[PDB]
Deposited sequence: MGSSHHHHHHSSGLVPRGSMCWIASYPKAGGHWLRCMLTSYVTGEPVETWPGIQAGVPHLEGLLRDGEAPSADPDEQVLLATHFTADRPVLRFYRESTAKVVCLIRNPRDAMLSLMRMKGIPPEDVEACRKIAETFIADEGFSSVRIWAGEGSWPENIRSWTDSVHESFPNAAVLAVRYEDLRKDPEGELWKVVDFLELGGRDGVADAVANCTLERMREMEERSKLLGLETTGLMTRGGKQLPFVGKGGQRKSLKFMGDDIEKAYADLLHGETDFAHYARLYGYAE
């Protein structure tokens, strides 16, 4: 059908993807934070309000989500889902990302440790109250890519690393635009310029490192995971994160 998903584990730079996409579809810059939710709405955001786009709607519709493709609620879109964009980033960075957010100044030993301890035991953010239904890191990727057809039988998938977007914003964005059939290529330039790190932090406010530090043991812990027998190592390898 006509439904399209920007799927991603939390902290994989989904906001920015959405921002840019909102800017291309509109042509105009993003007038600020809620603009992002209006453009590529986040599904969780909508369900909180009781909002939910209709299944089989006759014009193309773009939503975002951190759910695993196999969550019962996405079932209503089982048939009408055509396209999935799966945005993926170094789980090393996602983890470091939750920290900055959760507040902590990088030299708070027992505070970083614990979250890191947890992330590694869970293989993602299962024990982090901010999100729900997102599953673990491999689980999330698996369900939206290799197993997408178990949830969305009519879908096509374009997987995309956060790091490639950072290395070539316009090239990679146009790969996403092209795949979704939102038109040109010319627009793609301005949209990148309309959602740059600066315009971003400005839109957040006028609304309202690596494993070195404390590593020795943790660093090890992580690396053992990253070269483990598990689905976490499978995807790390497969996406160059190993």
Original post:
What ranges of the deposited sequence are left out of this structure?
Top reply: 1 to 17, 226 to 251, 286
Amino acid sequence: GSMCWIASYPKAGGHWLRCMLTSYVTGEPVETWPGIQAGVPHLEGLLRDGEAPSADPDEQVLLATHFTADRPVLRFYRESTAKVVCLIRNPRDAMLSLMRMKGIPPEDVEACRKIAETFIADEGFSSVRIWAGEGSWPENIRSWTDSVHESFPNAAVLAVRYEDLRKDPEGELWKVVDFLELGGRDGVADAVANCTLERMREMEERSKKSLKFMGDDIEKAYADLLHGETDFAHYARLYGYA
From here on, numbers count along this sequence of modelled residues.
Original post:
Taking the other compared entries of this protein, do a third or more of them lack coordinates for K209?
Top reply: yes
Original post:
Would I104 be found without coordinates in at least a third of the other compared entries?
Top reply: yes
**OP:** Could you check which stretch, 135 to 143 or 108 to 116, carries the larger mean CA temperature factor in the entry?
**Re:** 108 to 116
**OP:** Decide which of the stretches 189 to 197 and 65 to 73 has the higher mean C-alpha B-factor, going by the entry.
**Re:** 189 to 197
Subject >> Per the PDB entry, maximal CA B factor within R206, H42, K175, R48 >> reply: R206
Original post:
How does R166 rank on Cα B-factor within its chain, lowest, middle or highest third?
Top reply: middle
Subject >> CA B-factor placement of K102, once the chain's modelled residues are sorted into thirds >> reply: highest
Original post:
Taking the C-alpha B-factors as the PDB entry records them, is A12 in the lowest, middle or highest third of its chain?
Top reply: lowest
**OP:** Taking the values exactly as deposited, rank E229 by C-alpha B-factor within its chain and report the matching third: lowest, middle or highest.
**Re:** middle
